Structures are given as structure tokens and as C-alpha cells.
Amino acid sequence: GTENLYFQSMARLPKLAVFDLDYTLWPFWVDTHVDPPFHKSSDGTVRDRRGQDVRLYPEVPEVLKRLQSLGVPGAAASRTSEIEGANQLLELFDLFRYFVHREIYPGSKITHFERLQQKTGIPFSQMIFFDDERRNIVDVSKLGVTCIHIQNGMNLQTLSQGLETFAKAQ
């Protein structure tokens, strides 16, 4: 039936997709490997104050568009010390629209997740989380979040695999 297909499809999806920043959305540490502030050049390339190029992993825009097409809102959770620079990159890559709720500061990821739950009201069991660091996957899984370990940046295959893992885990 049409309503059954619709509601079953809705129920299989996470209610929040949480992303780390460094090595998840972009291939570097924002507090170490680049020299802020940043700007977008006339050719459309974002660069740091020494003229070094800064970009997202190539499939990140498509990944985030796909989540949006599925109705899954986003959040950011990063321990970077370069908070201003991280927020400037979110602006320059046109990602603030997707990442409404953000915990960007040094600290425990368990603290980040507590604060994201407060800001969104979403139970941990209805969250999915993508992170390059296995230790974060181990820790945040203890809260009941479905945690997907990233290798070599976020991409479409990782998103697909993650969503299926989440759907099976219910």
C-alpha cells in the first residue's frame, strides 16, 4: 500500500546525520595544515592566507545533497582548536545551510553529542555519525548512535553503506 511504503521508508532513515570536519569533509586538520583566514578566489577556489588551496573531498557536496533529498538534517561535531577557521570554511563551501547545529571546540565527543541531543531533541538511537577516527566510532557507539568509520574521506559509497547499516540496526 502507498501509505505503508511511505511510512516504512521514513522509519528506516536516521533523524540526524552527524559529521566530523577534519578528514571527513576535508582532507586536512584546519588548526595545523593551513594558515587562516580563508577566501574564495576569482576562479572559485578557496585558498588560505599563503595561497594554499583548500577543498572538500570531491563527493561531499553530492553526499550532503543526497541526505537533503532524503529529508535527513545534518549536524557537525569537531574537536578542532581553530574554531573561527572551521566556521569560515563552512561558510565559504556553502555548508551552513545543512549544518544548522554545530559543536566545534576541543573537548570530548561525548560532550559534543550531549549538546547536539539537547539542541535537536533527537534520541541517540536515531542518529548516524561519520568520523575518520576509529576511537570516536568506539566511544560514540556506546551512546547508541550508529557510527560509520570513514576511510579516505566521506563519499557516496560510505553514505549508502551507512544508511543500510542504520536500517538493518533497528
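When you see a residue number, it is the position in the sequence shown, counting from 1.
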Quiz item: On average, which has the higher Cα B-factor in the deposited entry, 128-136 or 97-105?
Solution: 97-105
Quiz prompt | Mean Cα B-factor comparison, 110-118 or 36-44, giving the higher one as deposited | solution = 36-44
Quiz item: Out of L21, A17, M10, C147, which one has a C-alpha B factor higher than all the others in the entry?
Solution: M10
Practice problem: Divide the modelled residues of the chain into thirds by Cα B-factor and specify which third, lowest, middle or highest, holds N87. | Solution: highest
Self-check item: Record-listed C-alpha B factor of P73: chain third
Solution: highest
Quiz item: By the record's CA B-factor, is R66 among the lowest, middle or highest third of residues in the chain?
Solution: lowest
